[PDB]
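A.B. asks:
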Amino acid sequence: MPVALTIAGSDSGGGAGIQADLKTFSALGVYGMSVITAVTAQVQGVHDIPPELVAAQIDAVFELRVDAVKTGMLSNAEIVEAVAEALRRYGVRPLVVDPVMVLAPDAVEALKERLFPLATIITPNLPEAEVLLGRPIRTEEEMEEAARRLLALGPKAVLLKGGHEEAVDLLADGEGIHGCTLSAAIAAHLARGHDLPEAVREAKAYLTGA
Amino acid sequence: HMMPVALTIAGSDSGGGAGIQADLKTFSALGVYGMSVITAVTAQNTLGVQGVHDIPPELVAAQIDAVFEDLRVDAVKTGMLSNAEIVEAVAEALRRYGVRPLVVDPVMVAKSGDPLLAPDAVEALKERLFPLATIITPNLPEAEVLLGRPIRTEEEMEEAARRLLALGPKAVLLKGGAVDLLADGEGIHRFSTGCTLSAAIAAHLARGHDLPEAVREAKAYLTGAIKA
Ligand SMILES: Cc1ncc(CO)c(N)n1
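First to last, the sequence lines map onto chains A and B. To convert, note that position 207 of the first sequence is 207 in this note's numbering; the numbers rise steadily by one, no gaps. To convert, count from 1 in the second sequence and add 210; that's this note's numbering.
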């Protein structure tokens, strides 16, 4: 019954991609949908899909009613452009933007400018956030500041994922500051009508079982 | 804990009607871990095909290489191959690795009627992939294209089944338009969408079921999915 769309790259050998997204969707009880922006070989080569087709792929997905959208690797600035308008063209939906760098600056400036305001939640991490802010994150106070300054870009929330001394994942929300395929799992709960904090908590708890 | 693994080598139908997306769903529905290689990304609307972008042949092989290095594939499916260079790359890629159950669905035309296989590529499909298939699943139009003769009666279906067997495939499943024929070197059996059935066959083969049963199971799966 729940429907969720992933708009990302394709890695045939497992790992990040529509393949990894769609497995978590049906694993969490969500009817997964997919739109391919690029094709990857696990990295021997990368092939970008033309932006007009990337947009044309999305239109075909909405008749169906999508309950949540996941956004992985958008390799071109023009793909991000076409993606953004495509999501804007249709009705408001919980949108999860996973900013995957690997990184052309031409392209990243379109994530923040064209796509982050659309997001209901972005899930970056330590090195990836540094790309978005140009500043190195060396402290949790800096990590806390980065969650704030990121949230300022438009996303109703920000899950900053910190690997490292010891570090904790931080959820930047309006109420306050509280391998990863979490984005696919977070969007899955959102399709199920869960609110943002329980979607994040149930998603993280879902991964820790493995 | 490693369960059966299957691989689809088809195109992308972002709308989810056909292509690898429908293959993956029948793979997981039948309890098989699904791998996927994209040969081209297509956008299909109710009106027709809004666009096709062929993935480079050099790439498709790399995707296949990525799949078999990671895991052991228990059965393989070829769906849409759009250009002849893909067909050769896919053929050499499957040849490069061990002898598997290979289901070759010769898709040539999308639901709307627009082409999904360049005419120059179908004969490379016959020379390169058909000798590698353990079963090919053509319907009556696709056979009429593979052979040039029209199939208008059940008698002609059995000849087409025999003619197709000569191309290399161990078995041929000819789909009527009102009986289906499973043709083997040992004989013919006549039974009383296409992407789903092909993937379902490969899925049961991926679970180690013998070829005639895998077909009867696949048809039962398809019958269940359509009616209810
Ligand atoms: C990739 C693909 N395979 C099959 C069909 C339908 O035959 C389709 N429309 N697209």
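The C-beta atom is built at its ideal place from N, Cα and C for all residues, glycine as well.
Could you have a look at B/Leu327 and say whether DSSP puts it in helix, strand or coil?
C.D. replies: Position 117 of the second sequence holds residue 327 of chain B. The answer is coil: DSSP assigns B/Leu327 none of H, G, I, E or B.
A.B. asks: Below 8 Å on the Cβ atoms is my guess for A/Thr123 versus A/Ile186; work out the distance and round it to an integer in Å.
C.D. replies: Residue numbering aside, residue 123 of chain A sits at position 123 when the first sequence is read from its first letter. Residue numbering aside, residue 186 of chain A sits at position 186 when the first sequence is read from its first letter. Rounded, the Cβ-Cβ distance is 7 Å, consistent with contact.
A.B. asks: Quick one: does B/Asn255 have its CB under 8 Å from some CB of chain D?
C.D. replies: Of the chains in the structure shown, none is chain D; the protein chains are A and B.
A.B. asks: What does the alpha-carbon distance come out to for the pair A/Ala86 and A/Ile121?
C.D. replies: To locate residue 86 of chain A, count along the first sequence from 1; it is residue 86. To locate residue 121 of chain A, count along the first sequence from 1; it is residue 121. Cα-Cα distance, rounded: 18 Å.
A.B. asks: When you compare each of A/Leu118, A/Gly9, A/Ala16 to A/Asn76 by their alpha carbons, which one comes out closest?
C.D. replies: Residue numbering aside, residue 76 of chain A sits at position 76 when the first sequence is read from its first letter. Considering only alpha carbons, the answer is A/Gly9.
A.B. asks: In this structure, how does DSSP classify B/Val259 when only helix, strand and coil are distinguished?
C.D. replies: Working through the second sequence from its first residue, we reach residue 259 of chain B at position 49. Three-state result, B/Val259: strand.
A.B. asks: Would you verify that the beta carbon of A/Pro197 is, or is not, closer than 8 Å to some beta carbon of chain B?
C.D. replies: Working through the first sequence from its first residue, we reach residue 197 of chain A at position 197. Chain B, which has no Cβ nearer than 8 Å to the Cβ of A/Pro197, makes this no.
A.B. asks: Report the start-end ranges of each alpha helix (DSSP H) in the region 279-310 of chain B that is 4 residues or longer and not cut off at the edges.
C.D. replies: For the region 279-310 of chain B, whole alpha helix (DSSP H) runs of length 4 or above, ordered along the chain, are 294-306.
A.B. asks: Quick check: A/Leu103 and A/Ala129, are their CB atoms within less than 8 Å of each other?
C.D. replies: Locating residue 103 of chain A in the first sequence gives position 103, counting from the first residue. Locating residue 129 of chain A in the first sequence gives position 129, counting from the first residue. Not in contact: A/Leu103 and A/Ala129 (Cβ atoms no closer than 8 Å).
A.B. asks: Who are the neighbours of B/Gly226 on chain A, taking C-beta pairs under 9 Å?
C.D. replies: As a first step, residue 226 of chain B is located in the second sequence; it is residue number 16 there, counting from the start. Chain A residues near B/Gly226: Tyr31, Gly32, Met33, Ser34, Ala60, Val61, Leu64.
A.B. asks: State yes or no: is the C-beta of A/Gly32 nearer than 7 Å to some heavy atom of ligand 1?
C.D. replies: Within the first sequence, residue 32 of chain A is the residue found at index 32, counting from 1. No, Cβ of A/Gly32 sits at least 7 Å from all heavy atoms of ligand 1.
A.B. asks: Is the Cβ of A/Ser26 closer than 8 Å to any Cβ of chain B?
C.D. replies: Taking the first residue of the first sequence as 1, we reach residue 26 of chain A at position 26. Closer than 8 Å to some Cβ of chain B, the Cβ of A/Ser26 qualifies, so yes.
A.B. asks: Please give me, in chain order, every unbroken run of the beta strand (DSSP E) with length at least 3 that falls completely inside the region 339-397 of chain B.
C.D. replies: Listed in chain order, the complete beta strand (DSSP E) runs (minimum 3 residues) inside the region 339-397 of chain B are 381-384, 390-394.
A.B. asks: Please list the segments of the alpha helix (DSSP H) lying wholly inside the region 216-264 of chain B, counting only runs of 4 or more residues, in order along the chain.
C.D. replies: Entirely contained in the region 216-264 of chain B, the alpha helix (DSSP H) runs reaching 4 residues are, in chain order, 229-239.
A.B. asks: Can you list, in chain order, the residues of its chain whose CB lies under 6 Å from that of B/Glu427, leaving out five sequence neighbours each side?
C.D. replies: What you label residue 427 of chain B is simply residue 217 of the second sequence in a count that begins at 1. The residues are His414.
A.B. asks: What would DSSP say about B/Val317, mapped onto helix, strand or coil?
C.D. replies: Against the second sequence, residue 317 of chain B aligns to sequence position 107. In the structure shown, B/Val317 sits in coil (DSSP, three-state: anything other than H, G, I, E or B).
A.B. asks: Sorted by chain position, which residues of the same chain lie with C-beta nearer than 7 Å to B/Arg373's C-beta, five sequence neighbours on each side aside?
C.D. replies: Within the second sequence, numbered from 1, the residue matching residue 373 of chain B stands at position 163. These residues qualify, in order along the chain: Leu357.
A.B. asks: Which same chain residues, not among the five before or five after B/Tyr243, have their C-beta less than 6 Å away from its C-beta?
C.D. replies: Numbered from its first residue, the second sequence carries residue 243 of chain B at position 33. Cβ within range, chain order: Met213, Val215.
A.B. asks: Please find out if some non-hydrogen atom of ligand 1 comes closer than 7 Å to the beta-carbon of B/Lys235.
C.D. replies: As a position in the second sequence, residue 235 of chain B is number 25, starting the count at 1. Checking every heavy atom of ligand 1 against the Cβ of B/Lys235, none is found closer than 7 Å.
A.B. asks: Check the Cβ of A/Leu22 against every Cβ in chain B and list those closer than 7 Å, keeping chain order.
C.D. replies: The sequence position of residue 22 of chain A within the first sequence is 22, counting from 1. Ordered by position in chain B, the residues that pass the 7 Å Cβ test against A/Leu22 are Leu234.
A.B. asks: Any idea what DSSP makes of B/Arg400, helix, strand or coil?
C.D. replies: Within the second sequence, numbered from 1, the residue matching residue 400 of chain B stands at position 190. Strand.
A.B. asks: Is there a C-beta anywhere in chain A that falls below 8 Å from the one on B/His414?
C.D. replies: Position 204 of the second sequence, counting from 1, holds the residue named residue 414 of chain B. Cβ-Cβ to chain A under 8 Å: no for B/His414.
A.B. asks: Comparing the CB of B/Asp223 with every heavy atom of ligand 1, is any distance shorter than 7 Å?
C.D. replies: Start at 1 with the first residue of the second sequence, and residue 223 of chain B comes out as number 13. For ligand 1, at least one heavy atom lies less than 7 Å from the Cβ of B/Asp223.
A.B. asks: Less than 8 Å between C-beta atoms, sequence neighbours within five positions excluded: which residues of the same chain meet that for A/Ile177?
C.D. replies: Residue numbering aside, residue 177 of chain A sits at position 177 when the first sequence is read from its first letter. Result list for A/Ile177: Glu144, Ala147, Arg148, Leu170, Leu171, in chain order.
A.B. asks: Hey, does A/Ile49 have any beta-carbon neighbour from chain B nearer than 8 Å?
C.D. replies: Taking the first sequence and counting its residues from 1, one reaches residue 49 of chain A at position 49. With 8 Å as the cut-off, A/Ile49 counts as an interface residue toward chain B.
A.B. asks: Have a look at B/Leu432 and B/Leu240 and give me their C-alpha separation to the nearest angstrom.
C.D. replies: For the purposes of this step, residue 432 of chain B is taken as residue 222 along the second sequence, with counting starting at 1. For the purposes of this step, residue 240 of chain B is taken as residue 30 along the second sequence, with counting starting at 1. Near 11 Å, if we compare the C-alpha coordinates of B/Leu240 and B/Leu432.
A.B. asks: Could you list which residues in chain B have their beta carbon closer than 9 Å to that of A/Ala56, in chain order?
C.D. replies: Looking up residue 56 of chain A in the first sequence gives position 56. Near A/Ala56 (Cβ distances below 9 Å), the residues of chain B are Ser224, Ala253, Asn255, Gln260, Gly261.
A.B. asks: Suppose contacts are defined by Cβ-Cβ distances below 8 Å. Is A/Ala167 in contact with A/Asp67 by that definition?
C.D. replies: As a working note, residue 167 of chain A is residue 167 in the first sequence. As a working note, residue 67 of chain A is residue 67 in the first sequence. No, the Cβ-Cβ distance between A/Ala167 and A/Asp67 is not below 8 Å.
A.B. asks: For residue 228 of chain A, report the span of its alpha helix (DSSP H) as first-last.
C.D. replies: As shown, chain A starts at 1 and ends at 210. That puts residue 228 of chain A outside it, with no answer to give.
A.B. asks: Within 7 Å: the Cβ of B/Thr252 and any heavy atom of ligand 1?
C.D. replies: In the second sequence, residue 252 of chain B corresponds to position 42, counting from 1. At least one heavy atom of ligand 1 is nearer than 7 Å to the Cβ of B/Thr252, so yes.
A.B. asks: Buried or exposed: which applies to A/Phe25, given that a residue is buried once 16 or more other Cβ atoms fall within 10 Å of its Cβ?
C.D. replies: Translated into the one-based positions of the first sequence, residue 25 of chain A becomes position 25. With 16 or more Cβ atoms within 10 Å of its Cβ, A/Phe25 is classed as buried.
A.B. asks: Please classify B/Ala438 as buried or exposed, where buried requires at least 16 other C-beta atoms within 10 Å of its C-beta.
C.D. replies: The residue you call residue 438 of chain B lines up with position 228 of the second sequence. It is exposed - the Cβ of B/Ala438 has fewer than 16 other Cβ atoms within 10 Å.
A.B. asks: CB-CB under 6 Å to A/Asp173, same chain, minus the five flanking residues each way: which ones, in chain order?
C.D. replies: Taking the first sequence and counting its residues from 1, the one referred to as residue 173 of chain A is at position 173. Within the same chain, A/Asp173 has close Cβ partners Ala157.
A.B. asks: For A/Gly179 and A/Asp21, what's the separation of their Cα atoms in angstroms?
C.D. replies: Counting from one through the first sequence, the residue named residue 179 of chain A turns up at place 179. Counting from one through the first sequence, the residue named residue 21 of chain A turns up at place 21. Taking the straight line from one Cα to the other gives about 13 Å.
A.B. asks: Counting C-beta neighbours from all protein chains within 10 Å, is the total for B/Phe401 16 or more, i.e. buried, or is it exposed?
C.D. replies: Taking the first residue of the second sequence as position 1, residue 401 of chain B is located at position 191. Its Cβ having fewer than 16 others within 10 Å, B/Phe401 is exposed.
A.B. asks: DSSP has residue 440 of chain B in a bridge; who is on the other side?
C.D. replies: Any answer about residue 440 of chain B is impossible in this case: the structure gives chain B only from 211 up to 438.
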